[PDB]
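Encoded as structure tokens, the structure appears first; notes follow it.
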Ligand SMILES: [Ca+2]
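Numbering (the authors' numbering), first residue to last: 1 to 125.
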């Protein structure tokens, strides 16, 4: 599914993502726009054999289990396939774990490159 920015905003708020680790909503939305274009089915295969899944591009070496990644840690304790469906509840709950361990949005390479220090007025909720 390709979510509309306001459905994304409603989900974020409902999952208590506003101000989580002092991360504002426009930051979470810009991240999701540059990571996946809001595509809940987005996937990216990496050089180390892992794959990034869903709207927040959650990785199968550290966070989710896909059954084919070397050195999987499955830290969110979830099948990666659950990150390719249309409900982003579990996707958002995993992202909170990622962001909580990093104390910020640094795990996401698109946020750093396309959101940090740029205008976020296009991404307001
Ligand atoms: Ca999901």
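For each residue, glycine too, the CB sits at the ideal point set by N, CA and C.
query                                                                                 : result
Closest by C-alpha distance to residue 77, when choosing among 70, 46, 11, 60         : 60
Near ligand 2: residue 66 beta-carbon under 6 Å from a heavy atom                     : Ligand 2 is not among the ligands present in this structure, which contains only ligand 1.
Where residue 39 falls: helix, strand or coil (DSSP)                                  : strand
Range of the contiguous beta strand (DSSP E) that encloses residue 52                 : 51-53
Residue 97 Cβ short of 6 Å to ligand 1 heavy atom set                                 : no
Three CB pairs or more closer than 8 Å across the segment 40-58 and the segment 84-94 : yes
CB-CB length for residue 105 against residue 27, believed under 8 Å                   : 6 Å
Cβ-heavy atom distance, residue 82 to ligand 1, below 6 Å                             : yes
Cβ neighbour criterion (16 or more within 10 Å) applied to residue 57                 : buried
As assigned by DSSP and simplified to three states, the class of residue 34           : helix
Range covered by the alpha helix (DSSP H) that runs through residue 110               : 109-114
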